[PDB]
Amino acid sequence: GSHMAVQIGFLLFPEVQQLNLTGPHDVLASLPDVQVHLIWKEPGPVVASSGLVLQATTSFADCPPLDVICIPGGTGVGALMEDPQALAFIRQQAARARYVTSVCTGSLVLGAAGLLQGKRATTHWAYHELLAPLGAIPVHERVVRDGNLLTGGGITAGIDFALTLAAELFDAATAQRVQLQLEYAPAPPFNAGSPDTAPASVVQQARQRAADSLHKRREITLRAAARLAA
């Protein structure tokens, strides 16, 4: 241990999209003197949306004050957006955190917690329209900073997000060393990572596959928004 150790905490909830957590985890855990916490109601196993089992290391109650709080996205976001225990924890940690952050649909949770009002932010492309009712000003960029808020786009944007955050916590040379250790020189075999470049038939397939979830999440978002409006 060190008096100056940086405390980084990820919310780990059932039906998280695990890459939203595990991509950033590997970038940030590599940084000098960092301790990374995986936070839920109690320590123990938590099942991600793929069926991969992750393990929370601390409860909300025992989590130390965080220098960075990060909300990963996933199917489980809808429940979180109306989880008073989780939202209260997020607001409490955000009061003093150096950085308040999210990846993918985790920004919808920051929105439900009241932390995006009047702020520019992004989220997963398929849910991007849900930012505005939460008070955010939506921006279509992969990593969006507004003061001490940092939000990443959909799933794999967590890697770009975390390297950006690494340079802010330390410096460019440190982020570059991590990027090289991860051999992060991506060369995607297709050009379908954005709805603006993917084949139109693939975009339609993706939207159809997401329509039921988007409908349910919109209902949740509007209830969360009405709470903020009152």
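Heads up: residue numbers just count along the shown sequence, starting at 1.
Judged by mean Cα B factor in the deposited record, 140 to 148 ranks above the other of 140 to 148 and 73 to 81.
Here 82 to 90 and 101 to 109 are compared by their mean Cα B-factor, and 82 to 90 comes out higher. Of the residues listed, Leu180, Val68, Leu54, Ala61, the entry assigns the biggest Cα temperature factor to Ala61. Sort the modelled residues of the chain by CA B factor and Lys119 lands in the middle third. Ranked within its chain, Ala173 lands in the highest third, by CA B factor from the PDB record. For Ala48, the recorded CA temperature factor ranks within the lowest third of the chain's modelled residues. When the CA B factors of the chain's modelled residues are split into thirds, the value for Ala162 lands in the lowest one.
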